[PDB]
$ cat data17.txt   # compact mmCIF, C-alpha atoms and all ligand atoms
# COMPACT_ATOMS: atom_id res chain seq x y z
CA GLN T 1 -51.80 -1.84 4.96
CA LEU T 2 -50.18 0.29 2.23
CA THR T 3 -52.13 0.33 -1.05
CA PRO T 4 -51.24 1.88 -4.43
CA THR T 5 -54.73 3.36 -4.80
CA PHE T 6 -54.96 4.79 -1.30
CA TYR T 7 -55.84 8.12 -2.93
CA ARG T 8 -58.04 6.93 -5.82
CA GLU T 9 -60.91 9.06 -4.43
CA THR T 10 -59.01 11.31 -2.01
CA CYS T 11 -56.48 12.82 -4.45
CA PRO T 12 -57.48 11.66 -7.99
CA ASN T 13 -54.67 13.28 -9.95
CA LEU T 14 -51.94 13.04 -7.33
CA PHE T 15 -49.34 11.45 -9.60
CA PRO T 16 -49.89 13.82 -12.54
CA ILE T 17 -49.22 16.81 -10.26
CA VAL T 18 -45.97 15.64 -8.68
CA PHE T 19 -44.76 14.22 -12.03
CA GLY T 20 -45.14 17.65 -13.59
CA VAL T 21 -43.27 19.35 -10.77
CA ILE T 22 -40.22 17.08 -10.93
CA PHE T 23 -40.20 17.30 -14.75
CA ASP T 24 -40.01 21.12 -14.90
CA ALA T 25 -37.48 21.15 -12.06
CA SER T 26 -35.16 19.24 -14.38
CA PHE T 27 -35.24 21.75 -17.24
CA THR T 28 -32.36 23.38 -15.38
CA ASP T 29 -31.00 20.56 -13.20
CA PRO T 30 -30.29 17.08 -14.66
CA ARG T 31 -29.43 15.86 -11.18
CA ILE T 32 -32.54 16.55 -9.14
CA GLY T 33 -33.77 13.05 -9.96
CA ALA T 34 -30.85 11.20 -8.36
CA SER T 35 -30.93 13.69 -5.47
CA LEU T 36 -34.61 12.99 -4.74
CA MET T 37 -34.15 9.20 -4.75
CA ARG T 38 -31.21 9.20 -2.31
CA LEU T 39 -33.39 11.45 -0.14
CA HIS T 40 -36.05 8.72 0.19
CA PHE T 41 -33.21 6.38 1.14
CA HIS T 42 -31.98 8.53 4.00
CA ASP T 43 -35.47 8.75 5.36
CA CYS T 44 -36.25 5.04 5.61
CA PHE T 45 -33.00 3.95 7.32
CA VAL T 46 -33.55 6.32 10.30
CA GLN T 47 -36.66 5.86 12.48
CA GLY T 48 -38.47 4.67 9.34
CA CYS T 49 -39.81 6.03 6.04
CA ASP T 50 -41.68 8.79 7.95
CA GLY T 51 -40.31 12.03 6.52
CA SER T 52 -38.54 12.60 9.86
CA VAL T 53 -35.49 13.79 7.91
CA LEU T 54 -37.16 16.85 6.37
CA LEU T 55 -37.73 18.48 9.78
CA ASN T 56 -35.65 21.62 10.48
CA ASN T 57 -34.14 22.81 13.75
CA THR T 58 -36.61 23.84 16.46
CA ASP T 59 -36.39 24.62 20.18
CA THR T 60 -37.84 21.15 20.42
CA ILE T 61 -36.07 19.28 17.56
CA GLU T 62 -32.41 18.74 16.53
CA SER T 63 -32.47 18.00 12.77
CA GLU T 64 -30.91 14.84 11.32
CA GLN T 65 -29.78 17.18 8.53
CA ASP T 66 -26.78 17.88 10.77
CA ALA T 67 -25.60 14.30 11.21
CA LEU T 68 -22.25 13.26 9.75
CA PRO T 69 -23.73 11.62 6.61
CA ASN T 70 -26.30 14.39 5.97
CA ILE T 71 -24.32 17.56 6.62
CA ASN T 72 -23.15 19.34 3.45
CA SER T 73 -24.37 16.41 1.35
CA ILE T 74 -28.12 15.78 0.81
CA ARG T 75 -30.09 18.33 -1.28
CA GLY T 76 -33.43 19.17 -2.88
CA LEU T 77 -35.68 19.83 0.11
CA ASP T 78 -36.62 22.93 -1.88
CA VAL T 79 -38.07 21.07 -4.85
CA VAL T 80 -39.67 18.81 -2.24
CA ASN T 81 -41.65 21.70 -0.74
CA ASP T 82 -42.78 22.87 -4.20
CA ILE T 83 -44.43 19.49 -4.64
CA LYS T 84 -46.28 19.80 -1.31
CA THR T 85 -47.47 23.32 -2.20
CA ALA T 86 -48.93 22.21 -5.55
CA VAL T 87 -50.44 19.02 -4.10
CA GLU T 88 -52.11 21.05 -1.31
CA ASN T 89 -53.68 23.43 -3.82
CA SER T 90 -55.61 20.36 -4.99
CA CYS T 91 -55.95 17.98 -2.04
CA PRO T 92 -55.99 20.24 1.07
CA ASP T 93 -54.14 18.42 3.88
CA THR T 94 -54.65 14.79 2.75
CA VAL T 95 -51.31 13.60 1.29
CA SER T 96 -48.25 13.07 3.53
CA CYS T 97 -44.69 14.24 2.97
CA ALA T 98 -43.46 10.70 3.64
CA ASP T 99 -45.39 9.35 0.66
CA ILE T 100 -44.24 12.23 -1.55
CA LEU T 101 -40.61 11.15 -1.14
CA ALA T 102 -41.52 7.57 -2.08
CA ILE T 103 -43.33 8.74 -5.21
CA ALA T 104 -40.38 10.94 -6.19
CA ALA T 105 -37.91 8.03 -6.14
CA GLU T 106 -40.03 5.97 -8.56
CA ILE T 107 -40.68 8.92 -10.88
CA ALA T 108 -36.93 9.67 -10.88
CA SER T 109 -36.16 6.18 -12.24
CA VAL T 110 -38.77 6.44 -14.99
CA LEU T 111 -37.59 9.93 -15.86
CA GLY T 112 -34.03 8.62 -16.28
CA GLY T 113 -34.70 5.61 -18.48
CA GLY T 114 -35.03 3.13 -15.62
CA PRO T 115 -38.06 0.87 -14.83
CA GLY T 116 -41.33 1.83 -13.14
CA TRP T 117 -43.70 0.17 -10.63
CA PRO T 118 -46.99 0.78 -8.70
CA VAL T 119 -46.09 2.65 -5.53
CA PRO T 120 -47.98 1.44 -2.44
CA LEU T 121 -49.11 4.48 -0.48
CA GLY T 122 -50.77 5.53 2.77
CA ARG T 123 -47.94 6.32 5.22
CA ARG T 124 -48.18 9.11 7.81
CA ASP T 125 -45.64 11.73 8.96
CA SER T 126 -43.80 11.63 12.31
CA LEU T 127 -43.53 14.11 15.19
CA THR T 128 -39.91 13.45 16.15
CA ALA T 129 -36.40 13.11 14.75
CA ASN T 130 -33.20 11.29 15.73
CA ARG T 131 -29.81 12.77 14.85
CA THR T 132 -27.60 10.26 16.71
CA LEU T 133 -29.55 7.38 15.20
CA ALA T 134 -28.77 8.86 11.78
CA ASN T 135 -25.02 8.59 12.46
CA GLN T 136 -25.30 5.00 13.57
CA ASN T 137 -27.65 3.75 10.84
CA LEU T 138 -26.42 5.06 7.48
CA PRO T 139 -23.45 3.12 6.02
CA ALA T 140 -20.20 4.95 5.32
CA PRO T 141 -18.11 4.51 2.13
CA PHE T 142 -15.02 3.27 4.01
CA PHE T 143 -16.94 0.23 5.25
CA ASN T 144 -15.84 -3.26 4.29
CA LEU T 145 -18.24 -5.90 2.90
CA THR T 146 -18.86 -7.44 6.32
CA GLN T 147 -19.81 -4.04 7.71
CA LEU T 148 -22.05 -3.15 4.78
CA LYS T 149 -24.00 -6.43 5.01
CA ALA T 150 -24.56 -5.90 8.74
CA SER T 151 -25.91 -2.39 8.26
CA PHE T 152 -28.50 -3.64 5.80
CA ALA T 153 -29.51 -6.48 8.12
CA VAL T 154 -30.45 -3.99 10.84
CA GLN T 155 -33.06 -2.73 8.35
CA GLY T 156 -34.27 -6.18 7.39
CA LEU T 157 -32.56 -6.26 3.98
CA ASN T 158 -30.42 -9.11 2.64
CA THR T 159 -27.28 -9.54 0.59
CA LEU T 160 -29.18 -9.47 -2.71
CA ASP T 161 -30.99 -6.36 -1.49
CA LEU T 162 -27.62 -4.71 -0.77
CA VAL T 163 -26.07 -5.34 -4.21
CA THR T 164 -29.35 -4.42 -5.92
CA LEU T 165 -29.85 -0.98 -4.38
CA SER T 166 -26.18 -0.06 -4.97
CA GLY T 167 -27.30 0.27 -8.57
CA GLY T 168 -28.72 3.60 -7.48
CA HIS T 169 -25.15 4.79 -8.05
CA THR T 170 -25.67 4.39 -11.79
CA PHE T 171 -26.24 8.18 -11.74
CA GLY T 172 -25.67 11.20 -9.47
CA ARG T 173 -22.65 12.97 -7.93
CA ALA T 174 -20.03 12.56 -5.14
CA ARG T 175 -17.36 14.92 -3.71
CA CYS T 176 -13.61 14.23 -3.91
CA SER T 177 -13.16 13.70 -0.16
CA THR T 178 -15.52 10.72 -0.19
CA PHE T 179 -13.03 8.63 -2.16
CA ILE T 180 -9.75 10.54 -2.28
CA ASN T 181 -8.13 8.24 0.31
CA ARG T 182 -7.65 5.62 -2.43
CA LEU T 183 -5.96 8.09 -4.80
CA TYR T 184 -2.70 8.72 -2.89
CA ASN T 185 -2.42 7.01 0.52
CA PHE T 186 -4.58 3.89 1.05
CA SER T 187 -4.26 2.02 4.39
CA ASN T 188 -1.23 4.16 5.31
CA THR T 189 0.66 2.29 2.56
CA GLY T 190 1.55 5.48 0.70
CA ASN T 191 0.13 3.89 -2.46
CA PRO T 192 -3.24 3.98 -4.33
CA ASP T 193 -5.88 1.32 -3.71
CA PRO T 194 -4.72 -1.63 -5.88
CA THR T 195 -8.31 -2.23 -7.00
CA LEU T 196 -8.80 1.05 -8.89
CA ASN T 197 -8.27 1.20 -12.67
CA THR T 198 -4.93 2.93 -13.35
CA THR T 199 -6.27 4.96 -16.27
CA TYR T 200 -9.20 6.22 -14.20
CA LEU T 201 -6.71 6.72 -11.33
CA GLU T 202 -5.20 9.48 -13.46
CA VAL T 203 -8.32 11.25 -14.64
CA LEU T 204 -9.33 11.24 -10.97
CA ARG T 205 -6.04 12.66 -9.63
CA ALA T 206 -6.70 15.41 -12.16
CA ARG T 207 -10.15 16.34 -10.82
CA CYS T 208 -8.97 15.78 -7.23
CA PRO T 209 -5.42 17.17 -6.54
CA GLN T 210 -3.57 16.24 -3.36
CA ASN T 211 -4.70 19.60 -1.96
CA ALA T 212 -6.84 22.20 -3.70
CA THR T 213 -9.23 24.96 -2.71
CA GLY T 214 -12.19 22.65 -2.16
CA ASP T 215 -14.33 19.63 -2.95
CA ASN T 216 -14.92 19.14 -6.65
CA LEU T 217 -17.71 16.99 -8.04
CA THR T 218 -17.40 13.89 -10.21
CA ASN T 219 -19.88 11.35 -11.68
CA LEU T 220 -20.54 8.06 -9.91
CA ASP T 221 -20.93 6.45 -13.34
CA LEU T 222 -18.28 7.46 -15.91
CA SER T 223 -20.21 5.57 -18.58
CA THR T 224 -23.75 6.98 -18.49
CA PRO T 225 -23.61 9.80 -15.84
CA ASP T 226 -27.31 10.66 -15.97
CA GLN T 227 -29.02 7.56 -17.33
CA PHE T 228 -30.44 4.77 -15.17
CA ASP T 229 -28.92 1.55 -16.57
CA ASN T 230 -26.86 -1.50 -15.61
CA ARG T 231 -23.61 0.27 -16.61
CA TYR T 232 -22.68 0.59 -12.93
CA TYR T 233 -22.18 -3.18 -12.78
CA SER T 234 -20.17 -3.29 -15.98
CA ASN T 235 -17.78 -0.69 -14.58
CA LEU T 236 -16.97 -2.95 -11.62
CA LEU T 237 -15.75 -5.64 -14.03
CA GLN T 238 -13.17 -3.17 -15.36
CA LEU T 239 -12.33 -1.81 -11.89
CA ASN T 240 -14.03 1.53 -12.62
CA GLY T 241 -16.14 1.67 -9.46
CA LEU T 242 -15.79 5.15 -7.93
CA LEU T 243 -16.49 4.52 -4.25
CA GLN T 244 -14.64 2.02 -2.07
CA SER T 245 -17.90 0.29 -1.09
CA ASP T 246 -18.86 -0.05 -4.77
CA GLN T 247 -15.81 -2.00 -5.96
CA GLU T 248 -15.77 -4.22 -2.85
CA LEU T 249 -18.86 -5.96 -4.27
CA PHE T 250 -16.65 -7.48 -6.98
CA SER T 251 -13.05 -7.20 -5.76
CA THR T 252 -13.47 -8.94 -2.38
CA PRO T 253 -11.73 -12.33 -2.75
CA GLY T 254 -14.22 -14.97 -1.65
CA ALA T 255 -17.21 -12.88 -2.68
CA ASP T 256 -20.76 -14.22 -2.40
CA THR T 257 -21.93 -11.08 -4.19
CA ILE T 258 -19.67 -11.59 -7.24
CA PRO T 259 -22.01 -13.98 -9.05
CA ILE T 260 -24.81 -11.41 -8.53
CA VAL T 261 -22.74 -8.54 -9.97
CA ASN T 262 -21.93 -10.75 -12.93
CA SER T 263 -25.55 -11.80 -13.33
CA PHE T 264 -26.70 -8.18 -13.44
CA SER T 265 -24.00 -6.75 -15.71
CA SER T 266 -25.13 -9.40 -18.23
CA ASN T 267 -28.91 -9.02 -18.32
CA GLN T 268 -30.07 -5.46 -17.64
CA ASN T 269 -33.68 -6.53 -17.61
CA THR T 270 -32.77 -8.95 -14.83
CA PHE T 271 -31.22 -6.12 -12.86
CA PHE T 272 -34.25 -3.92 -13.54
CA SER T 273 -36.66 -6.44 -12.05
CA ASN T 274 -34.90 -7.06 -8.76
CA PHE T 275 -34.84 -3.29 -8.32
CA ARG T 276 -38.60 -2.75 -8.50
CA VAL T 277 -38.84 -5.44 -5.82
CA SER T 278 -36.07 -4.06 -3.57
CA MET T 279 -37.41 -0.49 -3.66
CA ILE T 280 -40.83 -1.66 -2.46
CA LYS T 281 -39.28 -3.62 0.40
CA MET T 282 -37.28 -0.58 1.52
CA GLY T 283 -40.36 1.64 1.32
CA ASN T 284 -41.94 -0.49 4.04
CA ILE T 285 -39.43 0.08 6.87
CA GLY T 286 -40.83 1.42 10.16
CA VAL T 287 -43.99 2.77 8.52
CA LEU T 288 -46.76 4.71 10.36
CA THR T 289 -50.31 3.89 9.24
CA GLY T 290 -53.99 4.16 10.13
CA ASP T 291 -54.23 6.85 12.82
CA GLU T 292 -50.54 6.92 13.76
CA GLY T 293 -48.59 10.13 13.34
CA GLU T 294 -50.14 12.96 11.33
CA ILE T 295 -50.38 14.76 7.97
CA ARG T 296 -47.81 17.55 8.00
CA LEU T 297 -49.02 20.78 6.35
CA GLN T 298 -45.46 22.02 5.83
CA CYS T 299 -42.73 19.38 5.45
CA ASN T 300 -40.00 21.30 7.36
CA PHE T 301 -41.97 21.81 10.64
CA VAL T 302 -44.40 19.78 12.77
CA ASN T 303 -48.02 20.97 12.82
CA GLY T 304 -47.87 24.04 15.06
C1 LIG G 1 -24.98 0.73 0.44
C2 LIG G 1 -24.43 1.95 0.98
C3 LIG G 1 -24.31 3.21 0.37
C4 LIG G 1 -23.22 4.03 0.56
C5 LIG G 1 -21.95 3.65 1.34
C6 LIG G 1 -23.52 5.30 -0.14
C7 LIG G 1 -22.64 6.38 -0.20
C8 LIG G 1 -22.85 7.54 -0.96
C9 LIG G 1 -21.93 8.72 -0.94
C10 LIG G 1 -20.65 8.85 -0.08
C11 LIG G 1 -22.41 9.65 -1.83
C12 LIG G 1 -21.62 10.84 -2.47
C13 LIG G 1 -20.67 11.85 -1.78
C14 LIG G 1 -21.33 13.20 -1.48
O1 LIG G 1 -21.97 13.77 -2.38
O2 LIG G 1 -21.21 13.70 -0.34
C15 LIG G 1 -23.69 9.04 -2.35
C16 LIG G 1 -24.46 9.61 -3.38
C17 LIG G 1 -25.58 8.99 -3.96
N1 LIG G 1 -26.15 7.77 -3.52
FE1 LIG G 1 -25.45 6.50 -2.19
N2 LIG G 1 -24.75 5.24 -0.84
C18 LIG G 1 -25.27 3.97 -0.48
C19 LIG G 1 -26.50 3.49 -0.91
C20 LIG G 1 -27.35 4.16 -1.77
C21 LIG G 1 -28.71 3.72 -2.04
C22 LIG G 1 -29.42 2.51 -1.42
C23 LIG G 1 -29.25 4.63 -2.89
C24 LIG G 1 -30.57 4.67 -3.33
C25 LIG G 1 -31.28 3.53 -3.94
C26 LIG G 1 -28.19 5.61 -3.20
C27 LIG G 1 -28.30 6.66 -4.13
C28 LIG G 1 -27.34 7.67 -4.29
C29 LIG G 1 -27.43 8.77 -5.24
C30 LIG G 1 -28.50 8.95 -6.31
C31 LIG G 1 -26.37 9.60 -5.01
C32 LIG G 1 -26.10 10.99 -5.60
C33 LIG G 1 -27.26 11.96 -5.39
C34 LIG G 1 -26.92 13.38 -5.80
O3 LIG G 1 -26.32 13.54 -6.88
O4 LIG G 1 -27.28 14.32 -5.06
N3 LIG G 1 -27.04 5.37 -2.42
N4 LIG G 1 -23.95 7.73 -1.81
CA CA G 2 -36.89 8.94 8.70
CA CA G 3 -25.97 4.90 -15.70
$ encode --input "data17.txt" --output "structure tokens"
Amino acid sequence: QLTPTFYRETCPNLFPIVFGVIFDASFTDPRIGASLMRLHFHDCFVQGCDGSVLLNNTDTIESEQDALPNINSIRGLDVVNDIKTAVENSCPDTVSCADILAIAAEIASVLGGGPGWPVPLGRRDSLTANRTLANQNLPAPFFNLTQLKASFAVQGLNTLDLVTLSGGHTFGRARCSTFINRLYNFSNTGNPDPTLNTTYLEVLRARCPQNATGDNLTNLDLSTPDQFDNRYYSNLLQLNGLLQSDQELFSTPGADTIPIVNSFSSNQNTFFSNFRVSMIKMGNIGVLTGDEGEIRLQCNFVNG
């Protein structure tokens, strides 16, 4: 039974240590926060929030890091190991990698202006990984509302939960290819997605030609690119949602989620509160406790 003081005696100043690490790691990278959060997300949806995603390729394991949604996309496993190293120098093999990811996501929010909350801890690391599962569990951006809702149900999350965690896109980056299909030829129609702001449609065609020498980066939130706030929901009202799965929350005739987007864009505090709740719920998926699993000494390889 996960408890926020699971380390009260075991690792007294756990939080202070990891907080410091993530803070210095931002002196040169104002994106590591968003990167760390999304990392905790990709862990939970596959096999459970058990760090299974941080495992590298072995003669015995085929890393999830090579699945369609992970390859050439997720980042920051480096800053992740720096945390482990510093935590170990204080609490020799007592804190799990799994928990470290969960603590990073909360700290990231606080460090970006967003809300905070007491993180329940006590999970244990796994001994396996599942690449194929990864491909069939993480939602893709070209999914329609029906599809998105179903993917969250598999995890035990509802419609509110879906629209609430999408707020994570209030900061961070995304490569051209992930949304370019709605810039020139949507649905084989030869024309741009009719639900994308025309002004933005230009700025975007600028950053993402119809053929260049590679994938350029662009902010998920044109309003407040690095700050955690309800701007992401406001943007939807003016058709400025970057990804296809973002806009669909508001521009899907019929809706169900529309009143919720409206609700949030109005009262940021309201949005903030559902979040704290939703993040806790997600951090409880397929957890390993008590004597299950182990305490990894190095987050990239299993003990031995
Ligand atoms: C509901 C389905 C979701 C879809 C379809 C989705 C899709 C994406 C895609 C395609 C990218 C960017 C393209 C790339 O860089 O390769 C991305 C980035 C991001 N997503 Fe999501 N995402 C989803 C849910 C979430 C959730 C639940 C969170 C966390 C609460 C989240 C947090 C982020 C962050 C912070 C980034 C950028 C991180 C960075 O800059 O490295 N996403 N997402
Ligand atoms: Ca996992
Ligand atoms: Ca923002």
$ residues_around --input "data17.txt" --residues "residue 170 in chain T" --least-positions-apart "4" --cutoff "8 Å" --atoms "all atoms listed in the file" --output "list in words"
residues 220, 221, 224, 225, 226, 227, 228, 229, 230, 231 and 232 of chain T
$ write_last_selection --input "data17.txt" --atoms "C-alpha atoms" --output "short mmCIF file (atom, residue, chain, number, x, y, z; two decimals), keeping the file's coordinate frame"
data_model
loop_
_atom_site.label_atom_id
_atom_site.label_comp_id
_atom_site.auth_asym_id
_atom_site.auth_seq_id
_atom_site.Cartn_x
_atom_site.Cartn_y
_atom_site.Cartn_z
CA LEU T 220 -20.54 8.06 -9.91
CA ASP T 221 -20.93 6.45 -13.34
CA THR T 224 -23.75 6.98 -18.49
CA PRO T 225 -23.61 9.80 -15.84
CA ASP T 226 -27.31 10.66 -15.97
CA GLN T 227 -29.02 7.56 -17.33
CA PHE T 228 -30.44 4.77 -15.17
CA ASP T 229 -28.92 1.55 -16.57
CA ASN T 230 -26.86 -1.50 -15.61
CA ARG T 231 -23.61 0.27 -16.61
CA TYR T 232 -22.68 0.59 -12.93
#
$ residues_near_ligand --input "data17.txt" --ligand "ligand LIG 1 (chain G)" --cutoff "7 Å" --atoms "all atoms listed in the file" --output "ChimeraX atom specification"
/T:31,34-35,37-38,41,73-75,139-141,148,162,165-169,171-175,178,245
$ closest_residue --input "data17.txt" --among "T:51, T:187, T:15, T:233" --to "ligand CA 3 (chain G)" --atoms "all atoms listed in the file"
T:233
$ residues_around --input "data17.txt" --residues "range 269-277 of chain T" --least-positions-apart "6" --cutoff "8 Å" --atoms "only C-alpha atoms" --output "list in words"
residues 114, 115, 116, 117, 164, 165, 230 and 263 of chain T
$ atom_distance --input "data17.txt" --atom1 "CA of residue 12 in chain T" --atom2 "CA of residue 94 in chain T"
11.5 Å
$ closest_residue --input "data17.txt" --among "T:85, T:191, T:109, T:128" --to "ligand CA 2 (chain G)" --atoms "only C-alpha atoms and all ligand atoms"
T:128
$ residues_near_ligand --input "data17.txt" --ligand "ligand CA 2 (chain G)" --cutoff "8 Å" --atoms "all atoms listed in the file" --output "number ranges by chain"
T: 42-53, 129
$ residues_around --input "data17.txt" --residues "residue 63 in chain T" --least-positions-apart "3" --cutoff "7 Å" --atoms "all atoms listed in the file" --output "ChimeraX atom specification"
/T:55-57,66,129,131
$ closest_residue --input "data17.txt" --among "T:158, T:203, T:81, T:112" --to "ligand CA 3 (chain G)" --atoms "only C-alpha atoms and all ligand atoms"
T:112
$ residues_around --input "data17.txt" --residues "residue 216 in chain T" --least-positions-apart "3" --cutoff "10 Å" --atoms "only C-alpha atoms" --output "number ranges by chain"
T: 173-177, 207-209, 212-213
$ residues_near_point --input "data17.txt" --point "(-53.0, 8.3, -1.3)" --cutoff "7 Å" --atoms "all atoms listed in the file" --output "CSV table (one decimal) with C-alpha atoms, keeping the file's coordinate frame"
chain,number,residue,atom,x,y,z
T,5,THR,CA,-54.7,3.4,-4.8
T,6,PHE,CA,-55.0,4.8,-1.3
T,7,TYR,CA,-55.8,8.1,-2.9
T,8,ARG,CA,-58.0,6.9,-5.8
T,10,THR,CA,-59.0,11.3,-2.0
T,11,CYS,CA,-56.5,12.8,-4.4
T,95,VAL,CA,-51.3,13.6,1.3
T,121,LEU,CA,-49.1,4.5,-0.5
T,122,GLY,CA,-50.8,5.5,2.8
$ closest_residue --input "data17.txt" --among "T:142, T:103, T:279, T:202" --to "residue 186 in chain T" --atoms "all atoms listed in the file"
T:142
$ atom_distance --input "data17.txt" --atom1 "CA of residue 78 in chain T" --atom2 "CA of residue 25 in chain T"
10.4 Å
$ atom_distance --input "data17.txt" --atom1 "CA of residue 222 in chain T" --atom2 "CA of residue 40 in chain T"
24.0 Å
$ residues_near_point --input "data17.txt" --point "(-49.6, 10.4, 3.3)" --cutoff "9 Å" --atoms "only C-alpha atoms" --output "PyMOL selection string"
chain T and resi 94-100+121-125+289+294-296
$ closest_residue --input "data17.txt" --among "T:54, T:2, T:223, T:119" --to "ligand CA 3 (chain G)" --atoms "all atoms listed in the file"
T:223
$ closest_residue --input "data17.txt" --among "T:136, T:159, T:181, T:268" --to "ligand CA 3 (chain G)" --atoms "all atoms listed in the file"
T:268
$ axis_aligned_box --input "data17.txt" --around "range 58-73 of chain T" --padding-each-side "5 Å" --output "JSON"
{"center_x": -30.0, "center_y": 18.1, "center_z": 10.9, "size_x": 25.6, "size_y": 23.0, "size_z": 29.1}
$ residues_around --input "data17.txt" --residues "residue 183 in chain T" --least-positions-apart "4" --cutoff "9 Å" --atoms "all atoms listed in the file" --output "NGL selection string"
:T and (179 or 191-193 or 196 or 201-202 or 204-205 or 208 or 210)
$ write_last_selection --input "data17.txt" --atoms "C-alpha atoms" --output "PDB file, keeping the file's coordinate frame"
ATOM      1  CA  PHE T 179     -13.030   8.630  -2.160  1.00  0.00           C
ATOM      2  CA  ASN T 191       0.130   3.890  -2.460  1.00  0.00           C
ATOM      3  CA  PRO T 192      -3.240   3.980  -4.330  1.00  0.00           C
ATOM      4  CA  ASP T 193      -5.880   1.320  -3.710  1.00  0.00           C
ATOM      5  CA  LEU T 196      -8.800   1.050  -8.890  1.00  0.00           C
ATOM      6  CA  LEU T 201      -6.710   6.720 -11.330  1.00  0.00           C
ATOM      7  CA  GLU T 202      -5.200   9.480 -13.460  1.00  0.00           C
ATOM      8  CA  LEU T 204      -9.330  11.240 -10.970  1.00  0.00           C
ATOM      9  CA  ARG T 205      -6.040  12.660  -9.630  1.00  0.00           C
ATOM     10  CA  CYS T 208      -8.970  15.780  -7.230  1.00  0.00           C
ATOM     11  CA  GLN T 210      -3.570  16.240  -3.360  1.00  0.00           C
TER      12      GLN T 210
END
